[PDB]
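What follows is a short report on a single structure.
Read the figures in this text as sums done on the coordinates, not as results from a lab. Neighbour counts run over all protein chains shown; Cβ positions are idealised from the backbone, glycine included.
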Amino acid sequence: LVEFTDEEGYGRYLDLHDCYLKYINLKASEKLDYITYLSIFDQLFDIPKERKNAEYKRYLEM
Amino acid sequence: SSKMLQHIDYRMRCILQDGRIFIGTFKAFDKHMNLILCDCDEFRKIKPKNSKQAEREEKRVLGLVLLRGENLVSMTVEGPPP
Amino acid sequence: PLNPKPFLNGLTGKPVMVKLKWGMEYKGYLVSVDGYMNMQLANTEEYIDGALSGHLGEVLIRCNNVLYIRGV
Amino acid sequence: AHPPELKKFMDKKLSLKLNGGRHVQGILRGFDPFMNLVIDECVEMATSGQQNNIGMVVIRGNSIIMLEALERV
Amino acid sequence: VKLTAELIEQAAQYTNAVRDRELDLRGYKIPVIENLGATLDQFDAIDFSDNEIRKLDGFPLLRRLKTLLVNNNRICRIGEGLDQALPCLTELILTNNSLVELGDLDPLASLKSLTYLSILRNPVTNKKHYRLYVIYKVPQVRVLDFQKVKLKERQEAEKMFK
Amino acid sequence: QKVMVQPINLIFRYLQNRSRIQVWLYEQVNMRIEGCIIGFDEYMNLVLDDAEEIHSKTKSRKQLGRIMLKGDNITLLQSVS
Amino acid sequence: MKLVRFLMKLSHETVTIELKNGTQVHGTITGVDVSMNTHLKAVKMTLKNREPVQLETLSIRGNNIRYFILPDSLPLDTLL
Amino acid sequence: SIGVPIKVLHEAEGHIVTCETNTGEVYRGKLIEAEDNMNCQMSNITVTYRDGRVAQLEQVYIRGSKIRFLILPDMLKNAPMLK
Amino acid sequence: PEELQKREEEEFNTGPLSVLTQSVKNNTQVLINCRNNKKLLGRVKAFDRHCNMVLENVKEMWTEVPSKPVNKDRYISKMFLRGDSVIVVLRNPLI
RNA sequence: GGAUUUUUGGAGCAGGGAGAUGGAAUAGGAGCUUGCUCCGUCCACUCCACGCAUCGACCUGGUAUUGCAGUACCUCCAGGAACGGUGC
């Protein structure tokens with residue numbers, strides 16, 4: 001019931017929009033677009049596209 | 001469109017000019033959208049003025065209230081239609 | 001008798017101190033304030049309680065803030 | 001576009017609550033469809049009991065959210 | 001017989017006698033206390049007139065509850081988790097019930113909100129010092145057997161049974 | 001029956017007198033606008049002359065000259081001179 | 001023209017409304033009329049010093065709103 | 001156009017109603033003359049001014065612009081507006 | 001309609017809202033001054049009579065007292081604004 | 001059809017002072033963790049000016065009424081302020 005969102009599809013899509021909006025409100029970058037979002041959310045432990053020495057790490061944790 | 005015209009006749013929490021929530025079995029709309037809430041009550045924050053006293057709400061009921069158009073901050077549904 | 005139109009037109013461009021509904025007194029030359037009473041000054045400085053504090057200049061206020069308008 | 005019904009109350013005494021918590025005690029004297037009830041022999045009543053006779057107050061319905069009656073008219 | 005959310009949603013949730021939200025389920029003999037929270041935070045009174053509920057138990061989390069009718073029921077005991085599920089509760093009218101011994105008064109005292117109560121027509125009634133046990137265990141109570149509580153009664157009820 | 005004495009009639013007679021009055025405000029009954037009105041229109045957005053803010057509690061008066069106060073933040077006035 | 005008509009370009013649109021009573025909410029509103037009347041849905045709302053309160057069918061007013069946030073995949077010139 | 005709200009106000013005028021205004025000015029009494037602009041004339045009312053000394057005056061002119069709400073006849077619940 | 005929108009362009013351009021008109025024809029990032037003391041900085045993408053302006057690269061800041069108030073700061077790029085909550089719309093801030 | 005009655009908003013904000021009075025286990029900085037010193041968010045007690053008055057409901061005991069009608073709210077004395085907003 002509550003385990004499936006609108007587009008998520010009970011296991012077809014997931015909720016990356018919310019963390020994306022949080023990262024947008026954090027970094028505020030005029031080119032923080034689909035490619036940057038997907039690259040930050042696909043990899044594991046690269047040199048991250050934002051400072052992990054700020055609350056960006058906690059936001060990634062959320 | 002007349003969006004609420006589907007959600008009327010049920011107990012709906014209408015919001016206030018000062019932040020209360022008032023569950024009245026809403027009736028109808030307007031161009032000013034002044035509310036005619038039937039079987040309608042209210043409840044607002046009983047502010048402790050402190051933290052070792054906690055916050056509650058004392059119960060008030062008007063019954064049927066003609067809330068002037070300057071009132072609504074929102075209109076959500078808090079009771080199905082009886 | 002000097003109605004809104006002639007008075008605010010002879011002061012539209014005269015450096016006006018215009019008090020807004022929160023202490024804001026603009027000190028500057030208005031551009032135009034038509035029947036919509038939308039204010040807008042050119043090289044006006046901010047004041048709080050009559051203390052010149054800000055440099056934004058040509059700023060365009062909604063009349064909904066306007067408390068008073070005078071040409072200093 | 002409809003004038004207000006102060007018609008039998010005109011030329012009679014009302015004690016009005018306008019914004020700023022203020023009161024104007026006076027006679028109903030003049031109005032417009034804008035409800036701008038104008039009170040002569042009208043006196044202010046402040047937060048404190050201080051009261052000043054204002055001569056002729058043309059008190060706009062812009063603020064005055066109340067006014068009670070002194071008589072039956 | 002199955003007492004469902006059928007009979008809880010079809011129940012009447014509207015103006016009570018004292019002008020509060022009451023939800024009556026009269027005429028079911030419902031012995032099953034389940035599926036109730038579907039009152040949906042718009043209810044304060046839960047009434048089960050004509051019920052056979054094996055005891056006092058089976059309610060959901062209602063931080064709002066203001067009246068409950070468990071009279072004409074089969075109440076034998078009194079269950080534990082009543083307060084956190086009824087903190088706004090003052091009226092839990094369980095008259096015409098079958099509570100027997102003061103061990104059925106064990107969770108009765110843990111509420112901070114009980115003032116308007118009724119357990120009438122129970123064998124706990126004509127027992128000696130029964131209202132004394134009640135006036136000991138119920139601090140904030142004001143309506144007991146439809147006549148006020150007394151400070152003399154409270155003195156008796158605290159002082160006795162040390 | 002009896003005829004209407006417009007608030008615009010009041011403001012017009014005041015302006016014709018060129019008289020000095022103090023005016024009330026909105027949501028703050030402490031401050032009064034002491035000055036004279038120069039002209040008018042059909043809108044009753046009060047224009048003023050040699051006006052000053054006069055505080056009740058503070059007891060000060062800050063003058064503007066020919067000021068144009070808001071029209072909706074007017075309540076009434078007392079003709080002081 | 002007005003930007004009320006630009007906000008009329010919002011249905012099945014992921015928006016965020018900061019309303020008049022210190023409110024900030026995420027919402028897919030239901031339908032918006034010419035006077036800004038935009039009724040919320042499945043919205044998580046938080047007024048001044050509040051919680052994430054949920055409304056599955058709510059009716060957010062007009063002049064009692066302050067700020068609106070549109071989708072990110074929303075072409076501005078095409079929306080006005 | 002014309003408001004069934006105004007029809008409700010017309011069914012609420014003439015008898016005991018209870019208006020509630022902006023700063024807490026709530027007048028429970030005979031809301032005699034209300035015009036669709038809502039400048040409600042009440043008669044023989046008990047108004048609180050939110051002051052808890054909810055005192056009884058006569059023939060008050062409580063504007064509806066500040067009117068937060070208005071408790072109307074509980075007998076017209078079957079109105080012709082909603083039905 | 002046609003002549004009305006002609007006069008409307010002339011009104012937004014050669015009237016008081018020249019600040020937002022230049023924010024639209026010049027693509028300026030302009031300070032919309034709220035009546036509620038929440039300073040949003042950004043462009044003006046859609047603008048009209050009543051001061052209804054849609055701002056891009058929007059950044060909202062407030063004086064948040066937890067003390068000595070801090071500048072609560074966030075930046076939602078695209079976001080709309082109606083002209084009721086606005087006290088001003090100023091073309092040019094020093095930043 | 002954004003100007004004095006409702007939908008282009010007057011909204012925001014801040015809780016009066018102090019005592020070698022105190023709590024922050026998982027949460028603040030520096031003196032580079034522990035110890036200890038000073039420092040910019042509350043509540044409990046106490047001093048002022050229980051932040052000040054009104055009224056309303058209630059708890060306390062005494063006290064007047066035995067009565068039929070659709071309620072803003074109906075006893076009187078006295079205490080206490082557990083609760084609400086109105087003027088500063």
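Summary table below
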item: DSSP loop GluC sites (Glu not before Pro) with at most 15 other Cβ within 10 Å: longest gap in chain E; result: E:102-162
item: Order of D:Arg72, C:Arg62, G:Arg66 under a 10 Å beta carbon neighbour criterion, fewest first; result: D:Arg72, G:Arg66, C:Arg62
item: Cα-Cα P(r), the protein assembly as shown, percent of pairs per 20 Å interval; result: 13, 38, 34, 14, 1
item: Förster-model FRET efficiency, 22 Å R0, C:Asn43 and I:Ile95, C-beta, rounded to 0.05; result: 0.80
item: Cα Rg over Rh - the stretch I:3-95, Kirkwood; result: 1.04
item: Convex hull of Cα atoms in chain D, direction-averaged projection (nm²); result: 4.6 nm²
item: For chain B, radius of gyration divided by Kirkwood radius, i.e. Rg to Rh on alpha-carbons; result: 1.04
item: Entries in B:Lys47/I:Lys38; E:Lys112/E:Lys150; A:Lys27/A:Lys57 that, when Cα-Cα distance is taken, lie over 20 Å; result: B:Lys47/I:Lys38
item: Magnitude of the charge dipole, chain E, Cβ model with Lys/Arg +1 and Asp/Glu -1, debye to 20; result: 800 debye
item: Efficiency of FRET between B:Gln6 and H:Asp51 - r from beta-carbon atoms, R0 45 angstrom, step 0.05; result: 0.60
item: For G:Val25, residues with placed amide H under 5 Å, excluding near neighbours; result: G:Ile17, G:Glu18, G:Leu19, G:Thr46
item: Hits among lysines - C-alpha to C-alpha of F:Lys70 under 18 Å, sequence gap 8 or more where chains match; result: C:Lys5, C:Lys19, C:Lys21, C:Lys27, F:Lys62
item: Loop-located GluC sites (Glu not before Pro) in the stretch F:1-65 whose Cβ has at most 14 other Cβ within 10 Å (DSSP); result: F:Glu27, F:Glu42
item: Dipole in debye (nearest 20) - chain B, about Cα centre, beta carbon charges: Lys, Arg +1; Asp, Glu -1; result: 320 debye
item: Descending semi-axes in Å of chain A, equivalent ellipsoid built from Cα gyration tensor; result: 23, 13, 12
item: Rg over Rh [alpha-carbon atoms, Kirkwood Rh] for chain E; result: 0.97
item: 10 Å-binned pair-distance histogram of chain G (Cα, whole percent); result: 20, 56, 22, 2
item: Rounded to the nearest 20 debye, dipole of chain I from Cβ charges on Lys, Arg, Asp, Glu; result: 540 debye
item: At q = 0.11, 0.25 Å⁻¹, base-10 log of I(q)/I(0) for chain C (Debye sum, equal scatterers on each alpha carbon); result: -0.21, -1.12
item: Chymotrypsin sites (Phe, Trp or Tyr not before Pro) within chain F: DSSP coil, no more than 16 neighbouring Cβ in 10 Å; result: F:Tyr43
item: Gap separating the Cα centres of the stretch B:3-38 and the stretch H:21-43, nearest whole Å; result: 20 Å
item: Alpha-carbon gyration tensor eigenvalues x 5, square-rooted, for the stretch F:6-80, Å; result: 20, 13, 11
item: Ranked list, fewest to most other Cβ atoms within 10 Å of each Cβ, for B:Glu42, I:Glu3; result: I:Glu3, B:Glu42
item: Chain A: trypsin sites (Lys or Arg not before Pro) in DSSP loop, at most 10 other beta carbons within 10 Å; result: A:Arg12, A:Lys31
item: Coarse-grained scattering of the stretch E:45-109 at q = 0.12, 0.16, 0.21 Å⁻¹, given as base-10 log I(q)/I(0) from a Debye sum over alpha-carbon atoms; result: -0.26, -0.47, -0.84
item: Förster-model FRET efficiency, 25 Å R0, A:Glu3 and A:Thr36, C-beta, rounded to 0.05; result: 0.25
item: Longest exposed-site-free window of chain E, the sites being chymotrypsin sites (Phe, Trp or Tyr not before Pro) in a DSSP loop that have at most 13 other C-beta atoms within 10 Å; result: E:1-145
